[PDB]
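Everything on this sheet refers to the single structure shown next.
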Amino acid sequence: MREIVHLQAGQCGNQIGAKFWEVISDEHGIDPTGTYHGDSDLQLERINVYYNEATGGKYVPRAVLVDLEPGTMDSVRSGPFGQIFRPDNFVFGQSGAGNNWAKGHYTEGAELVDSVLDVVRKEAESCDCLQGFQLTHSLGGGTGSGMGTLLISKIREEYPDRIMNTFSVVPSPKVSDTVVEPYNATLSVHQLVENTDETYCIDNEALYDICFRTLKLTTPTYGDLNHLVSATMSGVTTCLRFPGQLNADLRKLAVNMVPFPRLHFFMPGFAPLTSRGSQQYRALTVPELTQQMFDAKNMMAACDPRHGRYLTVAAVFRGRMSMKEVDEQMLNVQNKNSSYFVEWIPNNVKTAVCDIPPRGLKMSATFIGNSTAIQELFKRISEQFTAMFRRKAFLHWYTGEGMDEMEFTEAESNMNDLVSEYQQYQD
Amino acid sequence: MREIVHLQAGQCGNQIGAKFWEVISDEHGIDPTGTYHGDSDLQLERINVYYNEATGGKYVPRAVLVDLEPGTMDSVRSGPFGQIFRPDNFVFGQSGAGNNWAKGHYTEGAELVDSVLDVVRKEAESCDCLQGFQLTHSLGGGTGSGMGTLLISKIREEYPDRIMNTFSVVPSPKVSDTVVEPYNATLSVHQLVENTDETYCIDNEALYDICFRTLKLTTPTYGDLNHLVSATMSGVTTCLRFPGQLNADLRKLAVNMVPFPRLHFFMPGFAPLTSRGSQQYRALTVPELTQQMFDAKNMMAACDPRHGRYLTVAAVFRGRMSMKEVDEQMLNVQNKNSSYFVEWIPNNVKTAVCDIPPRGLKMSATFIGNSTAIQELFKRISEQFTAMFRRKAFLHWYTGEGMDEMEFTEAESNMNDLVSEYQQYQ
Amino acid sequence: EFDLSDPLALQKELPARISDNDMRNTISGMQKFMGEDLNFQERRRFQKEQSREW
Amino acid sequence: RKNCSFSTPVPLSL
Amino acid sequence: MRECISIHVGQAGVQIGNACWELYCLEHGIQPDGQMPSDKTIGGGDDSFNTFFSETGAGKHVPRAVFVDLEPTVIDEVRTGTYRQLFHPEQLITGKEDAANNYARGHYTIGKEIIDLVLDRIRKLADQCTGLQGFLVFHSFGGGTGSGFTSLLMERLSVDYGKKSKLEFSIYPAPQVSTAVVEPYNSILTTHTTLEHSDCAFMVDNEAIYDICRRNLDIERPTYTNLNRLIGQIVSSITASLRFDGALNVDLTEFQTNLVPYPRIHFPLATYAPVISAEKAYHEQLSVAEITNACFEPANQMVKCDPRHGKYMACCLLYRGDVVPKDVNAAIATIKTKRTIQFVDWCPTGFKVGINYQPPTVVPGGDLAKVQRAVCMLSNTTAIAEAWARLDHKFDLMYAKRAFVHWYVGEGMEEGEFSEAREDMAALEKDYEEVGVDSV
Amino acid sequence: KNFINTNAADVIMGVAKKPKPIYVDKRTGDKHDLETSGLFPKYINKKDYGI
């Protein structure tokens, strides 16, 4: 009735979304085969936001998996919940991109874009009132960022009123594993700013800084980095599936976050994460949850909001919890610390309370924050673009795909507007 | 409602930070594993002064244990009472200062104040209405004296109205363990007075004047010295945690004790100290508490008021006594020693009474009081800093860590005036 | 709703993971993680035995 | 060892 | 007779409606499934419920309410709850996509989409009443459908129904705490466009009701269930002179003629005095003059503005329980003699009294005490002129740089309506000034 | 480029997107278009009506 069509692209996008569906299916009591085996009644009431219905009482997700190489479809099909996906939703080309934005955008990713848009137009018109889409990708590869922005351009030229949302994993600066990634990421941010409603920023550097510092894990892997992205991929959409004392969908947080239509890059974070020895030493009350949304170490971007000004702030609270204690603690963070808040917006906080917590938990909390300390995420990409671009470094890999050097020069200055557009609100 | 964060620094800051937290956990009835096995129900009322509360009935202390090397601090995690502190609170550097006040004040200790001020702001804004922090450290090493003076300088500026107490372990003149310990300690007492409100002095030579001369033990240990040190650390905050007839919080124990904010140097003493074969031959009576205090054998700083004047003197009584005996013994020891008090303050003795005795006891007392007989403590530390600096004895350890010779030069010029501040009442 | 305003709810409570073998620690409850290693030391030891024999 | 039985296309299989 | 058509709008309106209609079922005899326990008299015994409940042929009572929302997740626990059989299913109107804290989405785009469906349902409930006193409106200024579509409910009510009395309760936004960021654009634009269309408008805000549940009742951490219980005990005391036997009767028409002197000024403020806890009514005698003084107390007020900053334009006292008509007089004469209350110069009469015999009801598992006397109050004060000044403050703040204005311009609405509905309010700030001057 | 001043000119010098009219029924929000259904009069407005 308020359906969400999932899109997900690349090896990064197909390995984030495979764990996210293991989070949702347990949250709604769905087995590895698909059948419903829950206990409550609220688990089967708004399941149609994310799940279709097959025959025999078996639920199949609305997920369309996209890739340019054929080797990340076998990883997902034969994983833990790989048998819940309809096999027509998998899209794969028989030759990759190989860390290249141009092969993603023009050469290889344009013969594959017209077969996914025959899939998504079959899943988007099969919704009673489609709320919007989603994306999950990375700005470092070829098919995550090249064709992953070709798709968004075709969506927002075809369904403009609907919500387009992105969970971007923008490239990590100082744990980096590709020389040719700043060409991919700089060329991809003009396509984000004109064709997305919201966009979240995730760095894999700052997902490691949780798993070493906060959780005190011995050997984390990418299975515990996808485990945290799905924690905040479900808290944004938890008031759409479970009732509350105060609701907020994906649109009401978008109405209340962006003041100007070019300023939609945010910073998620999830509160009740506890290390294994400190698990028994903590109790679950309300100020235990607002001390870890707003802690600057907790954030899922590797940029610090003490260097900038919070334009607006969100919060999503889950559990059965008191409306006075919710409300009095967000006034509390506004008043002790009032140089991290913009003047011209007097209240900077939106709050929402959902009743049904994550399974086995009593209370929970989620965050979405908009900053002028996120123009420090693009200037560390600009400094490593024009340091490399001014000597025409890896340029033969891109210009021989059918490009031009002026197409680079505009993506210098279209992203350099967002540096100086955001800059005038710190003044 | 009157929480006290406990702030430590050093090997001495942990070896006092261990035995003290044993004898609150016996005073307030806490097992070796954290939980409560008490008898009364006055043993849970004002226990939020020192303990937090986790789940399951677990009371974890509000203590920050800080060091610059983990060698002496593994011994704290695996002691008898080493499993009641949370493991986040242990702050430890990977390279110590080691008997150098300069290393701990600029090069290594300014790089370790980064995360303690995340930790202490966690343990201060968790308190509902904080009464105040408390220091206890050594002035010998560079962990306690080099960085610990820089802890106070930061937190006095951020939290100005609150309270900063200290137990300075200033090293003794004749017995010592460090050549360069005048440099470590003369240097710190100029940066002490601007940032501290109330100070004491615990000299370990004065503890050897007890366990040989009063407790009659042949073989003392530091564990038998931290018993005496922490017998007074509880005795100051006893009114806070237990009810009485006439209470005294640590705010009130200073406001009758500091006539000016450079007169804050007090010498503790403690009443029930009696040998095990001399235990049976004394009655726990009100004159027996006040006869051992004003005797010069007992005082916890090796400095005697026969030279000096009892400027102001305090007293904290524990036990369930009759307070007129408290009132008459104070006056009959005030009239007799008529040369031992100044006369510009006519009443000089301050009083409190607390019902609950110390554990396994009946009556006891504790003394707090400044004098001009503690400018002699700084006459014997700045006679040997000018017996050492005049020909530049260990100076290359100090100038090459980002210093100047003015910072030494201003430090004598406090000892010729802060001592001359004390001198005018003679 | 007395349970919200109990005076002893913090005593009458359980931590989210009493031990490593507890039933209510699933994937969505984010207390239990896959890459914590309790088989680390035995696996390293048998690796060293395998190396020695090779 | 690599097992690419799921991912090979139906034109090109065994 | 004496019927009242309740209209609840928003998630705030629905969750307040669930609180009130549980109170009304217990206050009369109605079970949660509609039926009474069998009437055990000859014919129809008691017909007191007709102001709120209708009756079918079979002995089932269906409320005269309409529950409105634009998100489906709020009414779907009314539809599958304990009271799922009490409500006729067509009275509960849901949308498919909500207004998302936009006035403009809720006024021009999504509100106009759904206006004519619910103005067909209020015809059917208004053609069942032999004598209709007037509607009730339950909304909150903050949300989209609580501000946008609610303001357009009142406008199309004025065309269709004329000068019929349209009361409204509201949740005015709080001064310190706040749910949302865009609430000043919502709250200004709806007080501008309901201004000539609404008859009366009572306001409370949630921060003040927080200050009573924590303090007067001994309930730490009040959820919205404990706030919504107190709102139902104000609506019940306004309407208990219509259902139960009274010594002095007051209708729903005697509030507009006795607290609204001037056309732009229709803003009275609610208060309810003996809200007390069951450990602290074992000690206190609750007389008639002991609870009169506690409606004038700035602590026990139900909005976060002090009446002492302003002048009492009128009053309206609602006495409910075991009272005497002489001790009502014996307390009002005392209150006028204090100089810490100050009536406006041109109001030498002041008051409006109401005395009702049925004591207030005990809800099983509720908050308050079983109290034998009570007082409700709706008073109109000049001390609300400090409340728009904290709303002109936070409108001109984000409007001088024109934040969030693109979320209303492209949503079916021109931009000159922003720079006139704050100029429209700018006269109301001086209009509250000149009634604050004495006639020299 | 001045964004703050030009972001306000883009909203004031513009037209509001008028909606396609849609009505509901059933109390579960079944939405239909208005013109294509037989309710609102459209086909007597044609030019060759009655001739």
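Protein chains in written order, with our numbering: chain A, 1 to 427; chain B, 1 to 426; chain C, 1 to 54; chain D, 1 to 14; chain E, 1 to 440; chain F, 1 to 51.
Beta carbons are placed, not taken as given, at the ideal position from N, Cα and C, and that holds for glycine.
Interface residues of chain C facing residue i [CB-CB closer than 8 Å]
i                      : result
residue 57 of chain B  : 11
residue 223 of chain E : 1 and 4
Cross-chain neighbours of residue i in chain E, by beta carbon under 8 Å
i                      : result
residue 293 of chain A : Ordered by position in chain E, no residue passes the 8 Å Cβ test against residue 293 of chain A, which lies about 16 Å from the chain.
Given residue i as reference, the closest of the options once Cα atoms are compared
i                      : options                      : result
residue 444 of chain E : E:35, E:188, E:236 and E:185 : For residue 444 of chain E there is no data in the structure shown, the boundaries of chain E being 1 and 440.
residue 400 of chain B : B:54, B:106, B:60 and B:30   : B:106
residue 8 of chain B   : B:73, B:356 and B:292        : B:73
residue 445 of chain A : A:340, A:326, A:315 and A:92 : No statement about residue 445 of chain A is possible, as the shown extent of chain A runs from 1 to 427 and does not include it.
residue 130 of chain B : B:121, B:138 and B:137       : B:121
CB of residue i within 8 Å of CB of residue j, strictly
i                      : j                      : result
residue 249 of chain B : residue 46 of chain B  : no
residue 193 of chain B : residue 377 of chain B : no
residue 166 of chain A : residue 200 of chain A : yes
residue 97 of chain A  : residue 146 of chain A : yes
residue 222 of chain E : residue 304 of chain E : no
residue 139 of chain E : residue 232 of chain E : no
residue 273 of chain E : residue 249 of chain E : no
residue 365 of chain A : residue 289 of chain A : yes
residue 33 of chain A  : residue 83 of chain A  : yes
Residue-chain proximity (residue i, chain C), Cβ-Cβ < 8 Å
i                      : result
residue 328 of chain A : no
residue 94 of chain E  : no
Residues bridged to residue i [DSSP beta-bridge criterion]
i                      : result
residue 438 of chain A : Chain A is shown only over 1 to 427; residue 438 of chain A falls outside these bounds and no answer can be derived.
residue 91 of chain A  : A:66
residue 168 of chain A : A:137 and A:201
residue 8 of chain A   : A:65
residue 268 of chain E : E:380
residue 30 of chain F  : F:25
residue 356 of chain E : E:246 and E:320
Interface residues of chain C facing residue i [CB-CB closer than 7 Å]
i                      : result
residue 220 of chain E : 5
Neighbouring residues, chain F, relative to residue i (Cβ below 7 Å)
i                      : result
residue 421 of chain A : 3
Any non-hydrogen atom of the ligand NAP closer than 7 Å to residue i Cβ
i                     : result
residue 50 of chain B : Ligands in the displayed structure: none, and consequently the ligand NAP is not present.
CB contact below 8 Å: residue i versus chain D
i                     : result
residue 78 of chain A : yes
residue 94 of chain A : yes
Interface flag, residue i vs chain A, CB-CB below 8 Å
i                      : result
residue 102 of chain E : yes
residue 390 of chain B : no
residue 398 of chain E : yes
Under 8 Å from the C-beta of residue i: neighbouring residues of chain A
i                     : result
residue 13 of chain D : Chain A residues near residue 13 of chain D: none, gap ~12 Å exceeds 8 Å.
residue 33 of chain C : 215, 217, 220, 224 and 227
residue 76 of chain E : 45 and 243
Per-residue contacts from residue i into chain F (C-beta, under 9 Å)
i                      : result
residue 417 of chain A : 1 and 3
Residue i at chain F interface by Cβ criterion, 8 Å
i                      : result
residue 41 of chain E  : no
residue 424 of chain A : yes
residue 90 of chain E  : yes
Contacts that residue i makes with chain A (C-beta to C-beta distance below 9 Å)
i                     : result
residue 76 of chain F : For chain F, the structure presents residues 1 to 51; residue 76 of chain F sits outside this window and is missing.
residue 54 of chain B : 280, 281, 282 and 283
Short CB-CB distance (under 8 Å) between residue i and chain E
i                     : result
residue 44 of chain F : no
residue 41 of chain F : no
Under 7 Å from the C-beta of residue i: neighbouring residues of chain E
i                     : result
residue 38 of chain F : None at all; the shortest Cβ gap to chain E is about 17 Å.
Proximal chain F residues relative to residue i, where beta-carbon distance stays under 8 Å
i                      : result
residue 117 of chain E : 23, 24 and 25
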